[PDB]
Amino acid sequence: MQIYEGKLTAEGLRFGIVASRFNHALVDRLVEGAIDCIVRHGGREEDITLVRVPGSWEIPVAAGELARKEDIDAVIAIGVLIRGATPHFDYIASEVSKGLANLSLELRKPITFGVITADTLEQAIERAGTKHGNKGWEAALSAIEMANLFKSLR
Amino acid sequence: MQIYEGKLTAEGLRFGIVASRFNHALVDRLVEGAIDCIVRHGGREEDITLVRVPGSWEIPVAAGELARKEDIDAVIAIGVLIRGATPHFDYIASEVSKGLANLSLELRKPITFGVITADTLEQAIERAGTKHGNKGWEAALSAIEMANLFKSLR
Amino acid sequence: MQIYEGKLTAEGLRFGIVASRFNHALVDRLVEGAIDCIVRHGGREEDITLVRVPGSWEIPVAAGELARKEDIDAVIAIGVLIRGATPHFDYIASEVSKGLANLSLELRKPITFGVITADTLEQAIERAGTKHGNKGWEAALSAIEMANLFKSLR
Amino acid sequence: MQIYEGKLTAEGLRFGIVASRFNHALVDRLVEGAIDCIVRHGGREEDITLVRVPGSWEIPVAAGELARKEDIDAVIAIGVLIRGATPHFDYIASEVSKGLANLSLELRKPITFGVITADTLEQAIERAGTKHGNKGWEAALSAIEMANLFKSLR
Amino acid sequence: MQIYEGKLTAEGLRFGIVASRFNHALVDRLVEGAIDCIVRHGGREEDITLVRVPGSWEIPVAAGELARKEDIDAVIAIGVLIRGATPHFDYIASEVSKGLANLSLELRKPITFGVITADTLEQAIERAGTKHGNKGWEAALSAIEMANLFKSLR
Amino acid sequence: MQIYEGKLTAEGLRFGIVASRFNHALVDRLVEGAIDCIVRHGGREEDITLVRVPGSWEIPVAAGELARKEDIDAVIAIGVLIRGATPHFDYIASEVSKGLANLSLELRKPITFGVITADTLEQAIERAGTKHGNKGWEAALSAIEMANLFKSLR
Amino acid sequence: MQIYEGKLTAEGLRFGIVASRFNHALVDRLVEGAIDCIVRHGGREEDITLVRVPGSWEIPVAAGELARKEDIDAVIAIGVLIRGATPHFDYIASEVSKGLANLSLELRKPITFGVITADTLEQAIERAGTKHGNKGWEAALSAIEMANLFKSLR
């Protein structure tokens, strides 16, 4: 039984982060979480590319441009979506998730999902560096593990 | 840490706008908002292409033709969908959003989402130049920022 | 401003684990979580000492014997306590936590708290490798960070 | 991975038992359970020291005198506390458990907890040789395992 | 099976009593009970030392001074605490019991608990020489038995 | 009547801060509050030592190491605890507070309590730089006053 | 980015305090709070001018006379208003606040607002040196910071 798995060392890995600007008060907590995870697992702060896009709808196209780069090992997508009073939330969330998944399959590169989809502001706050943890940290950890796994699988 | 972001200057950028004719009383408010945003951020009114399509279902194909043009930096899609008494609203909205997202990923060009999806006429009016702002203005601002970002990323 | 913090590399660190036997169906999930964390952060499986004690009441004395060893950098305490029908749960939990804290202060060595205190079996299952994570993994991560921090602070 | 654990053989081990006199109708069932466990696991009835104290408040000081003896491998504390109509139960139970835990940490010797803390007489009867087992038997089993474990760890 | 136990003869034993002054109408009934028990079990009224302290908070320090005396075989602590309208009762009771227990363990001398902790004046009266007995008598009996037990154990 | 009191000048005082990483979105607001208080009362930013520990359970041992340093005048402990669904909150909070108090008494050095213990996320947010103030600022002010008081009392 | 801010040192600053006589039982607590703040932040008790006016309606005119003095750096207004049974409270409070604000703008000198406006006596007591703090202390702290800020801005 051949077993493949990824270690949690970030030595020599290069990451891209695409972060939205809407709900920036929570998005920047998520971004700090992701960067802290990368640095404290042994990565270098100079191996991180950060792209800021105006809203969550624009994440897939910028992520596609970042992932088409040769010197990027994994891409981390970060955003916050909070349901309002219309179905706008439903359509935006479905499009963002579908776009990211299709892009990852097409380019054969890891793209981790770090987007919060909350019904209320209280849930959104809970998941951005509060009692339920930090989604940016989780997404960065997943990206590190997948980059190492793909390196060993290649 | 390399950081990329877009400025909010519209100097020398060329935009396309695809606007639907259905619910024209609100659509033309959205269109005026978008054009005003472009002009007052320093763009030229002669660098704007406007395509009118009969309904919101037809937005993706016209937007595809506009985005395949070489001299268009970003495309702004504008329409109004109001839920009626049948599931027709659900299927139209899902198809429009999916089509726009897939087109943007395929052509690697920014296509901003300026379509209102409202349950009631009151919500639709609120979002078209009333207490909750103007969605056309927001879509134009997003298009300006993404055009500048893609210019700097290229 | 001098800033001290611990990295998340487990290279060259030696750990002790004290695990109770009561509720072993959940305790062994917690133990597997802790060992997996240590190994995948770069530690060696031969640098791990495992002590099994009959119940959670006996954790502090065994942990004291383990922490008095010269070649142990941090100790991880693991157990599961589920409230029954008497105040027995209250007194056991208070004694275990107080004993571990006093021992850590006396010996000036990190002793991380990986004991689940649940009101119901459902909560206990949720916290032992289910939707709310794995407490053993969290305790091991804390032990790694504190061992590195104490190394840098010394 | 070095693994330490205790066997369940009582050959050559010497035990002390401290038993309270209050609620003697249940305490003597607990004592019979403990002695039967020790004897049927291969111990000798002549290697057992039994101290009787008037009440549960007095268990820690007598247990301390017993555990300071050189030829005692583990001490088993046995008593029954049943909640009455005042907070007296709360303070007695907290003091007894805290005293036993501190004594065990100070002397570095196993002291197992065999004290029943019940809200009602029915629960107390259930736990003293009835449908829920015998707490004295459980405490003796824990003492045997810890004595063997400490022997192997030394 | 070596068996140790204390007889109920008070011949040649010297006792100290620490009694609080607050709630003196019940405290002096408790004191009379304790002294009567000692005398009618064969002790001498000249072998009794009585210390009066202003309140129940001060019992542990005076009891410590009494128990550090060489010619005192056991110390009896006596007081009455009745819950009022604030948490003051909770903190006083917890401190008194903890102090007495720690002192007894440190000095290796019997200190019996004869403090009434009642929710209502009716319970306090019941336990001070009324239908539920006399707590001072019970504490003195415990002290006699422990003094004899420690003599035989030495 | 000799009267001793501390001034609120931080000139020439050296402080240590121990801050937990859990709930970092609120902890870093508390840390900014404490540092701002120290600096604007006339202290130097180079006289501040900052230690980061993984969780609130680990605060006492790191605080002990910091307070055993000769050139530290006071230590400020900072963390956030929010009640969840289990008694875990109760035991963690009791251990942290008891450990800090015992450490301060043993080392005869001021250790101020800046840990938020909240039932809900709303209370926690209120006490971390919102309508009810900033607990880090309060803890730093207390540390300054006690350092000056101990200087004058020595 | 030029940044201006005030320190919290009161060295060499001269303050005026205008205090009303009505509700003097709470007003004198507020006054003691303000004076204590000034003195313990390094000010001199001889640099404080205190004016007593009969009621809160008279605060603005006396404050105007104090602030027209050349050797006064900031003025602290202190009073207590408690709603009665008529709209008298509404008109008095509106006039006092408006007068103080207009005076501060006209004279270009800091005048801090230390007047309690409470619906009930319980709220008034809470805000005058009880669980919610002391408003006089807060007003004095604000005056110190603004005096330093205006000094640095000049």
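Residue numbering restarts at 1 for every chain, and letters A, B, ... go by the order of the sequence lines.
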### Message
Closer than 3.5 angstrom, by distance alone: can the side chain of A:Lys109 be matched with the main-chain N or O of A:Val75 as a donor-acceptor pair?
### Response
no
inquiry  = With a 6.0 Å cut-off (strictly less than), is the heavy-atom count around NE2 of A:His132, excluding the residue itself, greater than 12?
reply    = yes
Tightest non-hydrogen contact, residues A:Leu30 and A:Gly79, listed as CD1-O, 4.1 Å
Across all chains, not counting sequence neighbours, the salt bridge (charged side-chain N to carboxylate O under 4.0 Å, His left out) partners of F:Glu46 are F:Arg44
Side-chain donor-acceptor pairs of residues 123-131 of chain A under 3.5 Å, sequence neighbours excluded:
| from | atom 1 | to | atom 2 | distance (Å) |
| --- | --- | --- | --- | --- |
| A:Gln123 | NE2 | A:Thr120 | OG1 | 3.3 |
| A:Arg127 | NH1 | A:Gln123 | O | 3.3 |

To the nearest 0.5 Å, atom CD of A:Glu5 lies from atom OG of A:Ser152 at 8.5 Å
In terms of heavy-atom contacts, B:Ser20 and B:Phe22 come closest through OG-N, 3.2 Å
Is the shortest heavy-atom distance from the side chain of F:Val18 to the side chain of F:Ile78 under 4.5 Å?
no
Checklist line | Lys/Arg-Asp/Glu bridge criterion (N-O < 4.0 Å) met for A:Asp73, A:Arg14 | finding: yes
*Check whether any side-chain heavy atom of B:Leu81 lies under 4.5 Å from a side-chain heavy atom of B:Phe89, and answer yes or no.*
yes
Practice task
May I ask you to test the C:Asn148-C:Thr9 pair for a side-chain heavy-atom distance under 4.5 Å?
Solution key: yes
Taking every heavy atom of B:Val31 against every heavy atom of B:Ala19, the minimum-distance pair comes out as CG2-CB, 3.7 Å
Pairwise side-chain contact, A:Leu50 with B:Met1, heavy-atom cut-off 4.5 Å (strictly under): yes
- request: Could you give me the CA-CA distance, side-chain angles and deciding distance for F:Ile17 and F:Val51, then say whether side-chain contact (heavy atoms from CB on, under 4.5 Å) is met?
  value: CA-CA 6 Å; F:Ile17 299 172; F:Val51 177; over 6 Å; no
Separation between CD1 (B:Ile76) and SG (B:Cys37), nearest 0.5 Å, reads 8.0 Å
Do C:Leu8 and C:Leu141 have side-chain heavy atoms sitting under 4.5 Å apart?
yes
Does A:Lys135 use its side chain to pair, donor to acceptor, with the backbone of A:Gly114 at less than 3.5 Å? no
Determine whether B:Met146 and A:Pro54 make a side-chain contact, defined as any pair of heavy atoms from C-beta on separated by less than 4.5 Å.
yes
Check your understanding: Above 12 or not: heavy atoms from other molecules or residues under 6.0 Å from NE2 of B:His24?
Key -> no
Output for pair (B:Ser56 OG, B:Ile82 CD1), nearest 0.5 Å, gives 11.0 Å
*Does F:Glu45 CD have over 12 foreign heavy atoms under 6.0 Å away?*
yes
Contacts of A:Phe15 meeting ring pair (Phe, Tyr, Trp, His ring centres under 6.0 Å) (sequence neighbours excluded), chain-then-number -> none
| Should A:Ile59 and A:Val53 count as side-chain neighbours, where that means a heavy-atom distance under 4.5 Å? | yes
So the ring pair (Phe, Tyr, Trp, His ring centres under 6.0 Å) pairs with at least one residue in residues 107-126 of chain B (sequence neighbours excluded) are A:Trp57-B:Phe113
Residue pairs passing the salt bridge (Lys or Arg N to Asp or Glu O under 4.0 Å) test with at least one member in residues 144-154 of chain B, sequence neighbours excluded, are A:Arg21-B:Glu145
Taking every heavy atom of B:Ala140 against every heavy atom of B:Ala34, the minimum-distance pair comes out as CB-O, 3.7 Å
Paired with B:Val80, the side chain to side chain contact (heavy atoms under 4.5 Å, CB included) test is passed by just one of B:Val27, B:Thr117, B:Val115, namely B:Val27
Across all chains, not counting sequence neighbours, the ring pair (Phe, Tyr, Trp, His ring centres under 6.0 Å) partners of A:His41 are C:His41
request  = Step by step, work out the side-chain contact (heavy atoms from CB on, under 4.5 Å) result for C:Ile3 and F:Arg52.
outcome  = CA-CA 8 Å; C:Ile3 295 179; F:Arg52 299 235 179 66; 3.9 Å; yes
Output for pair (B:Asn134 CG, B:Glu32 CD), nearest 0.5 Å, gives 9.5 Å
side-chain hydrogen bond (donor to acceptor under 3.5 Å, both in side chains) filter on A:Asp119, not counting sequence neighbours, yields A:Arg83
So the ring pair (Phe, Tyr, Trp, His ring centres under 6.0 Å) pairs with at least one residue in residues 133-154 of chain B (sequence neighbours excluded) are none
In short, side chain to side chain donor-acceptor pair (under 3.5 Å) pairs touching residues 96-106 of chain B with sequence neighbours left out are A:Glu95-B:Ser97, B:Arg68-B:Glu106
The reported gap from OG in C:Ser142 to CG in C:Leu149 (rounded to nearest 0.5 angstrom) is 11.5 Å
B:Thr112 and B:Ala143 have their tightest heavy-atom pair at CG2-N, 3.6 Å
With sequence neighbours left out, the residues meeting side-chain hydrogen bond (donor to acceptor under 3.5 Å, both in side chains) with B:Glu65 are none
Those residues at least two apart in sequence (or on a different chain) that pass side-chain hydrogen bond (donor to acceptor under 3.5 Å, both in side chains) with B:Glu138 are none
Exercise for review: Count the heavy atoms belonging to other residues, nucleotides or ligands that lie under 6.0 Å from CD of A:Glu11, then report whether that count exceeds 12.
Suggested key: no
| Heavy-atom side-chain proximity of A:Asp47 to A:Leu13 below 4.5 angstrom | no
Residue set satisfying side-chain hydrogen bond (donor to acceptor under 3.5 Å, both in side chains) with A:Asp36, at least two apart, ordered chain then number -> A:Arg40
Rounded to the nearest 0.5 angstrom, the CG-CG distance for B:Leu103 and B:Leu105 is 9.5 Å
